[PDB]
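A quick write-up on the structure given underneath.
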Amino acid sequence: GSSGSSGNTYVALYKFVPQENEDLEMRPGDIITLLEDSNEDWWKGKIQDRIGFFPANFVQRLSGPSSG
């Protein structure tokens, strides 16, 4: 990301099954790059070799390594 602004990463909790191209496929344990967060119910991101829309209730914003 050239001169990125919002570097928010999300880790897919469960596997998603896209019915149409528009939808994006993800697996439990992958890293998705949140690109568009205008919506609230569903968010858009970018995967290694995959791309598209996906539900937020499936992923969990990655805050970071919790520690004292």
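Here, each number is a calculation from the coordinates, and none is a lab measurement. Cβ atoms come from the backbone with ideal geometry, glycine included; neighbour counts cover every protein chain shown.
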Highest mean first, what order results for 47-56, 33-42 on Cβ atoms within 10 Å? 47-56, 33-42
Which value in nm describes the separation of the simple spin-label points at residue 30 and residue 63, placed 7 Å from the Cα toward the beta carbon? 2.6
Of 24, 13, how do they rank once you tally other Cβ atoms within 10 Å and put the fewest first? 13, 24
Sequence-separation-based contact order of the chain, relative, with Cα cut under 8 Å and 6+ spacing, percent: 32
Based on alpha-carbon positions alone, could you give the equivalent ellipsoid semi-axes of the chain from the gyration tensor, as √(5λ), descending, whole Å? 20, 15, 11
